[PDB]
Ligand SMILES: [F-]
Ligand SMILES: [F-]
Ligand SMILES: [F-]
Ligand SMILES: [F-]
Ligand code: NI
Ligand code: NI
Ligand code: NI
Ligand code: NI
């Protein structure tokens, strides 16, 4: 596979998102790390899909809403940052105030 | 996400349980680490759901039965222990003789 | 669970395969590490199922075809090697030129 | 007051006449004798015996017959016996095997096994305790291989390599003074005992000998560097002067000679014949005949152990892959068919059971599995019991004779072969406290705790954030014996006498315990514990059939093994 | 007997006139010459050439022209050429480039490249071998960054920082004698070469100079500490006395001066201009004009490399995030629009292709990616070939001129700039054996094996529990060169002459190889290999358009790059 | 324009091995009952005793085959091989200890070969 250090780490984000998504699906309000994991994995998968940085900056604000998360979680998350390989190489996506 | 050391480790239990569950679903009798992973993840998810320690001590004995596992596995597992964050903080659940 | 070092590592292959399978399912042509992960996990799960080494040497050439992967990926993968616990202990499977 | 046997064994571990199943095998070991005094068993905990004024003596200073560590109620499995005893450790060495506690009030206390203020306790009741495994066929290719070895109860790695260089990926060789110095320095960070082999190749003495003087602990002759009559001869001349062992992987190709020519070059001198069955290398097809000779110390490597239904398919292809062979080169195909032979692999099972092959080893990462030497030893013994029955030597019911024969293959015999059995390789007074605790349900599969020089180095243990150490995930982890400078005191670098005399450890700043290799040249097959058989092994050059005492040695491959899918996640 | 070229290349790697594609780019390199003697190629394995009495000499001791290590059949890509040779290493240094083996029987053996008893072998047939990358813009923020760098073939990190302190997160600075001492000690555990930069700020000489005497290898002037005329001047006065290099991140704000004022303060003295395009920092908008001057050694950092469709969006926001800017502060918005400019980023691509920007670097973790310096160099070269065509200098078919121009940017040129090219930065006899092997399919993307001081330090290798090292998962892993005390002998801490003379290594107990920084003050743009162009660069203050020789330098951003989604899991 | 990452585009032509060196064809038979495989760079006179050939014709020579390849003789197999001349100093040391010096010392080499039972000393 030739995994480098970041590829190994970032597998854990995908896993945490899968965990969080299962928790959401059984009706739980998500907590801080769960919410971050879901939005982060969404960004990385979006890059893999070939979306632009600008698309993901916009879409990332609509992945979870305040009713999906516990009290205070929206205010705990000022932004979520993630780097992934786009068709044009690694880029940084910052989603500002992802959950209103 | 601010993952601490235990959060990182415990993601692996969830993963191993997901693996084991796929093996069970395609008709395999589960082995020792598979059975332990499934019951352990069940406990941790139950804590996340807000069940009590006492509920999980009881429920953990009904997750897998002897027909779900290989010969000798029930007798190999004297108990399964897991810590997770309940609504009232981290607690230890011990499931005694989970598979009769 | 008594995980040894290889059991811990090999969980990551399963995870990477699950990731790749999700990417394939949403219509993406798979890349080099994705393709390797899928075929590798297939071999290890096949061992767990009780298939023979010879069966897996054959089957591994039919998991992904060239239309499932990006340009050049078939030619990048000369072989895929994986060890897993068969009913008769650990064995090595080598799949030669898995994607034509 | 009397206790029934079931309850006694549950509380203190088994005693005389009780049997214990080895993992999920059909093998049963029986307690032969017990050093305890019934009623005065040592145990530790709340309201238990090892407390001040009671089972712990409160008077004596550490020097005064007090132990640093007591393992209570161990079931010892060793070439010396299968028996129940406390084991006492001091200054990193086993100093007493017997009965520990307090002579104030207990009967039968071994005089130098006082539990005092200075004493740590490990509870071994219900555990099987063995010597650490001695793996004498290690390629140093990937440092991640060390934990793999520790997890299956290996505590000494002898071999060679510099990492994933092609020379090292093929051969157990750290070549020349500089590579040897570099790997001695690397060894300072490896939490396991180590000895390094130099290149047993050359036609002049000096290029070979300077490796010994630089700190090598032995030599490896390998066909990939030219396993010629000259290299064989010069290596053995060096070894005889230096008192180190030579391992050989002979000329498979029969390029410069057949087996008889290699034996002529050896000229009756002591040699360790690696992967003697030959799938792992050697004169095709008859290398395994080496194991009949009195001057040969024969080992197997582990991928042929034992003979299973997937073995051949796996090896034929493994060979093709790692030698970069092509199916469309008839020479390469004929080569593989000459080297991978069910006839000799099946006979290898039997030769182990007969005590004709004396040792096991891994061949880690160069046609062998770093964490399966112990595992496959017991799978072999189990297969042989199933196919050949209890050995004639067994005293009714138990598999003790077989168990002593087989434990010797990966503990004492490799240590004797390498000239290091004064330090390691068995549970005996005066030897380094390299000890492995096993739960019987996991015996030979996954070690509970691995003790190195008297401190736990590796353990299957759980969540470090938990209230107690048993909650999930329970996984193999390095313990405090591997941390900081304690790694220096808990592990031995084995070196030649000449390098030690010449001050190599000081020159290189080595802080590990330094072990001397000695008494390697004055031994033979007769010195292999429980595995001392010499005989004429005939291998038919046409059919590859193996005969001993005029009987064809054959057995069937098995479809399933114990110590396999019940235990492993992959 | 003759061998066809396809089969020859498959067996021994390519030879004269053969071309090899770099990863999945459109770039082809051609073998210019070959040091072999056809028929006497060195190779290692069963029945192969490097065996005793054959291609391995059995007579000579290590001192007698024998190598510690031979890399066989390497395709070297270096500023010095693109050519086929064996590479011989001894005492951790490259001692021969030519033809290795045994003069007994082979023709054309380079006299000090004897394969003998002491020699390890690495097979480089079918691999491209380069010098280790020299990254001169490293923020020491997170120790996990080291493996990231090794995995993309970087072997030297020059820069500063103390971990994730705000000073270090902004600037390549380890400030003052105490922080410098502490980080020199930390460096003992980092498996990569290191040089540390002090704070190039002050209005008196002594506070700056005491950093050099404490063990700094250079200075960094950064606007976040006040990139004023005084700090510039004092730093360069110190550097001229101390013979170390100064890097500059200039006054973006033009607070105390415009570019011309910074140039006046420099006063013709040698300086390394970091991220010269300016998105990473510097006089807005015209900093890149620095790269035209003869006393300036100009580097890029990697996030602008090359110009892509996501670059601007990504940077405008990256800048906002890491400078904690607000969209509702008009000054901050105007600042970002003045600093992140497609006009200068597009011109930067071209300036690289023209040899006007001489170096690449990361800016690891402070607007730059630790493991993408090499990666993005080749992506730039590929984009330039596609957009500008083959360079006029190319000899038909190949991209050799471009490949030498671009490899120089991350190997030899940063080494020359920093005063360390006597030790590192190219594959030349007499230099430290920091070597990277690449499979051509992974070239510039993921290194196969990284050799540090003649021992493998990092490798893409598989399952440590497997029979051979190639089964999955294949991932980057630290090798034996990083373990124990071998980390000391395989890596260099570069230090000022004065700190070395004053005994700092002994005072601090540094055990690593100590490298001397020298010949930094007597160089200029003319000394940058293949990238020596001086010219008047005009940057329009209104439009930001860049002109050289009266021509606007512009190109389009690309939507896709090679060395991207075919390779990476995320 | 399909891209195979890292692919070669080799030049035209062929590579002649051991160019300019004398070539000699000889017949060799494996008189033994196990296979013998002989590498490209072993001094040919020093191969396994049970290979029968004119031993003198192996002195100072090796197989004329690509570096790192070998010739295989099954039990009882006789075939022709082509030899080329050793180069460099034309000295051989070790291997079977038949030479240990210049390959020019044919009489000494053959005397040792004969005494040790290397088949085909005439
Ligand atoms: F081998
Ligand atoms: F081997
Ligand atoms: F900066
Ligand atoms: F910067
Ligand atoms: Ni071998
Ligand atoms: Ni080996
Ligand atoms: Ni900067
Ligand atoms: Ni910076």
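Basis: the model, the stated rules and, where named, an outside source; no laboratory read-out is quoted. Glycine gets a Cβ as well: all are built from the backbone with ideal geometry, and neighbour counts include every protein chain shown.
Of all residues in region D:335-353, which are closer than 24 Å to residue D:387 by Cβ and in contact with a helix residue (DSSP H, G or I) (Cβ under 9 Å, 6 or more places away or on another chain)? Don't jump to the end; show me each part of the working.
So the first thing to find is which residues in region D:335-353 are closer than 24 Å to residue D:387 by Cβ, and the list is D:340-353.
Listed by number, the residues that qualify are D:340, D:341, D:342, D:344, D:345, D:347, D:348, D:349, D:350, D:351, D:352, D:353.
From the list E:161, E:198, E:133, which one is touching a helix residue (DSSP H, G or I) at 6+ places or on another chain (Cβ under 6 Å) and at positive phi?
Numbers: E:198 fails: at positive phi; E:133 fails: at positive phi.
Just one listed residue meets the conditions, E:161.
From the list E:316, E:351, which one is closer than 27 Å to residue E:24 by Cα, more than 16 Å from ligand 7 (Cβ to nearest atom) and over 15 Å from the mean Cα position of the chain (by Cα)? Break it down into steps so the answer makes sense when it comes.
On the way: E:316 fails: closer than 27 Å to residue E:24 by Cα.
Among E:316, E:351, only E:351 is closer than 27 Å to residue E:24 by Cα, more than 16 Å from ligand 7 (Cβ to nearest atom) and over 15 Å from the mean Cα position of the chain (by Cα).
For region D:50-71, what are the residues that are in contact with a strand residue (DSSP E or B) (Cβ under 7 Å, 6 or more places away or on another chain), part of a loop (DSSP other than H, G, I, E, B) and surrounded by 13 or more Cβ atoms within 10 Å (Cβ to Cβ)?
Of region D:50-71, the ones in contact with a strand residue (DSSP E or B) (Cβ under 7 Å, 6 or more places away or on another chain) are D:50, D:55, D:57-58, D:60, D:65-71.
Keeping just the survivors that are part of a loop (DSSP other than H, G, I, E, B) gives D:50, D:55, D:57-58, D:60, D:65, D:67-68.
Once the filter is applied, which keeps residues that are in contact with a strand residue (DSSP E or B) (Cβ under 7 Å, 6 or more places away or on another chain), part of a loop (DSSP other than H, G, I, E, B) and surrounded by 13 or more Cβ atoms within 10 Å (Cβ to Cβ), region D:50-71 yields D:50, D:55, D:57, D:60, D:65, D:67, D:68.
What do you reckon, is residue E:55 in contact with a helix residue (DSSP H, G or I) (Cβ under 9 Å, 6 or more places away or on another chain) and closer than 30 Å to residue D:212 by Cβ?
Working: in contact with a helix residue (DSSP H, G or I) (Cβ under 9 Å, 6 or more places away or on another chain): no; closer than 30 Å to residue D:212 by Cβ: yes.
Here the answer is no, as residue E:55 does not meet what is asked.
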Can you tell me which residue within region D:270-299, out of those that are away from every other protein chain (no Cβ under 14 Å) and part of a loop (DSSP other than H, G, I, E, B), is nearest to ligand 7 (Cβ to nearest atom)? D:274
Restrict the check to region D:323-345 and report whether at least one residue is within 14 Å of chain C (Cβ to nearest Cβ), within 13 Å of ligand 2 (Cβ to nearest atom) and surrounded by fewer than 22 Cβ atoms within 10 Å (Cβ to Cβ). yes
Taking region B:47-88 and keeping residues assigned to a helix (DSSP H, G or I), more than 9 Å from every other protein chain (Cβ to nearest Cβ) and touching a residue at least 40 places away in the same chain (Cβ under 8 Å) leaves B:47, B:53, B:68
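Among the listed residues E:248, E:232, which satisfies the condition of being within 16 Å of ligand 7 (Cβ to nearest atom) and under 21 Å from the mean Cα position of the chain (by Cα)? Lay out the reasoning, then the answer.
On the way: E:232 fails: under 21 Å from the mean Cα position of the chain (by Cα).
The match here is E:248.
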List the strands (runs of 3 or more DSSP E) that sit entirely inside region F:1-42 and contain at least 3 residues that are more than 23 Å from residue D:337 (Cβ to Cβ) and facing chain E (nearest Cβ under 7 Å). F:14-16
Taking the stated definitions as given, is residue E:80 farther than 26 Å from residue E:3 by Cα and at the interface with chain D (Cβ under 9 Å from one of its Cβ atoms)? no
Quick one: is residue D:336 within 22 Å of residue F:37 (Cβ to Cβ), assigned to a helix (DSSP H, G or I), assigned by CATH to the domain that holds residue D:541 and within 16 Å of ligand 1 (Cβ to nearest atom)? yes
A careful count of residues in region E:347-363 that are within 14 Å of chain A (Cβ to nearest Cβ) and either in a helix (DSSP H, G or I) or more than 16 Å from ligand 8 (Cβ to nearest atom) (or both) gives 1
Select from region D:245-269 the residues that are touching a strand residue (DSSP E or B) at 6+ places or on another chain (Cβ under 7 Å), away from ligand 2 (no atom under 11 Å from the Cβ) and more than 9 Å from chain F (Cβ to nearest Cβ) and list them in ascending order. D:245, D:246
The lone exception for residue E:283 - which of (1) buried (at least 20 other Cβ atoms within 10 Å of the Cβ); (2) touching a strand residue (DSSP E or B) at 6+ places or on another chain (Cβ under 9 Å) it fails: (2)
Within the group E:404, E:395, which residue is under 21 Å from residue E:525 (Cβ atoms), more than 14 Å from chain A (Cβ to nearest Cβ) and more than 16 Å from ligand 2 (Cβ to nearest atom)? E:404
Number of the exception - residue B:25 against (1) away from chain D (no Cβ under 12 Å); (2) in contact with a helix residue (DSSP H, G or I) (Cβ under 7 Å, 6 or more places away or on another chain): (2)
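For residues that are touching a helix residue (DSSP H, G or I) at 6+ places or on another chain (Cβ under 6 Å) and free of Cβ contacts under 8 Å to residues at least 24 places away in the same chain, scanning just region D:465-490, find the one that is surrounded by the fewest Cβ atoms within 10 Å (Cβ to Cβ).
If we filter region D:465-490 for residues that are touching a helix residue (DSSP H, G or I) at 6+ places or on another chain (Cβ under 6 Å), which is where we start, we get D:465, D:472-473, D:476, D:490.
Filter once more, so that each one left must be free of Cβ contacts under 8 Å to residues at least 24 places away in the same chain: D:465, D:472-473.
Working: D:465: 14, D:472: 26, D:473: 23.
Among those residues, the one meeting the criterion is D:465.
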Helices (runs of 4 or more DSSP H) wholly inside region E:119-232 containing at least 1 residues that are surrounded by fewer than 24 Cβ atoms within 10 Å (Cβ to Cβ) and free of Cβ contacts under 8 Å to residues at least 24 places away in the same chain: E:166-170, E:176-187, E:205-214
May I ask you to say which residue of E:38, E:8 is part of a loop (DSSP other than H, G, I, E, B), under 24 Å from residue F:19 (Cβ atoms) and without any contact (Cβ under 8 Å) to a residue 24 or more places away in the chain? E:38
Just to be sure before I move on: is residue D:308 away from ligand 7 (no atom under 16 Å from the Cβ), under 23 Å from residue D:366 (Cβ atoms) and either touching a residue at least 60 places away in the same chain (Cβ under 8 Å) or within 14 Å of chain F (Cβ to nearest Cβ) (or both) in the structure I sent? yes
Which number in (1) in a loop (DSSP other than H, G, I, E, B); (2) over 15 Å from residue E:132 (Cα atoms) marks the one condition that residue E:421 misses? (2)
Among the listed residues E:444, E:462, identify the single one that is crowded, with 24+ Cβ neighbours inside 10 Å, in contact with a strand residue (DSSP E or B) (Cβ under 9 Å, 6 or more places away or on another chain) and more than 28 Å from residue C:8 (Cα to Cα). E:444
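Evaluate the following for residue E:111: is it assigned to a loop (DSSP other than H, G, I, E, B), more than 16 Å from ligand 4 (Cβ to nearest atom), within 12 Å of another protein chain (Cβ to nearest Cβ) and more than 21 Å from residue E:430 (Cβ to Cβ)?
Working: assigned to a loop (DSSP other than H, G, I, E, B): yes; more than 16 Å from ligand 4 (Cβ to nearest atom): yes; within 12 Å of another protein chain (Cβ to nearest Cβ): yes; more than 21 Å from residue E:430 (Cβ to Cβ): no.
The answer is no for residue E:111.
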Could you list, in sequence order, the residues of region D:100-109 that are crowded, with 20+ Cβ neighbours inside 10 Å and either at negative phi or touching a helix residue (DSSP H, G or I) at 6+ places or on another chain (Cβ under 7 Å) (or both)? D:100, D:102, D:106, D:109
Within region D:495-570, strands (runs of 3 or more DSSP E) holding 3 or more residues that are crowded, with 22+ Cβ neighbours inside 10 Å and out of contact with any strand residue (DSSP E or B) (no Cβ under 9 Å at 6 or more places or on another chain): none
Which residue, of E:509, E:476, is within 14 Å of chain D (Cβ to nearest Cβ) and under 30 Å from residue C:35 (Cβ atoms)? E:476
